[PDB]
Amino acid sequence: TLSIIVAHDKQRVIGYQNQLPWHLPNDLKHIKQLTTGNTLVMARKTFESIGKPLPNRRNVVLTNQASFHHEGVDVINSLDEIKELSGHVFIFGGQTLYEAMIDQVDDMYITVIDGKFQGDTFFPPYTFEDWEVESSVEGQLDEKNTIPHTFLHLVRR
């Protein structure tokens, strides 16, 4: 299975200055629940924003830099190599990768953030006729989670 996983606001902003605009712990928890034991493919600026591979899953970074190397990261250099990865693979961002892959993935796990944060990167448009909703549920809000958010799981039609 090849899956997108992303969080975006109502404007479909995902990022600003190579960081996430918002801090939403419940999104990070959701990330962890879905991806533990599986494989992440992240494009290079995303990897550099996060700064280190995430524990307890395989971290693959996509880059055209031949000398790119990092401890605990496998490196690929074209989108064709994504097909070759085994098991459940998550396209983990950023925009360049989401743009490239949205017409290729089997399904998408989207966290829709009920907010408007200014951004310099976006998640591509996606429509009702391409995607069917497998589930939609609202995240629980609390002292640490103050922005309303929906977890949406879409599967290609």
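Residue positions are given as counts along the sequence shown, with the first one as 1.
Between the two ranges 7-15 and 135-143, the one averaging a larger CA B factor in the entry = Looking at the recorded C-alpha B-factors, 135-143 comes out higher on average.
Check the entry's C-alpha temperature factors for 49-57 and 89-97, then say which stretch has the higher mean. In the deposited entry, the stretch with the higher C-alpha B-factor mean is 49-57.
Next item on the list: Go through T111, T121, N38, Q65 one by one and give the residue whose Cα B-factor in the PDB entry is largest.
Entry: The listed residue with the largest C-alpha B-factor is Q65.
**Asked** Compared with the other modelled residues in the chain, in which third is the CA B-factor of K29?
**Response** Its C-alpha B-factor belongs to the middle third of this chain's values.
- Task: Using the B-factors in the PDB entry, rank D107's C-alpha atom against the chain and give the third, lowest, middle or highest.
- Result: As the PDB entry reports it, the C-alpha B-factor of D107 lands in the lowest third of its chain.
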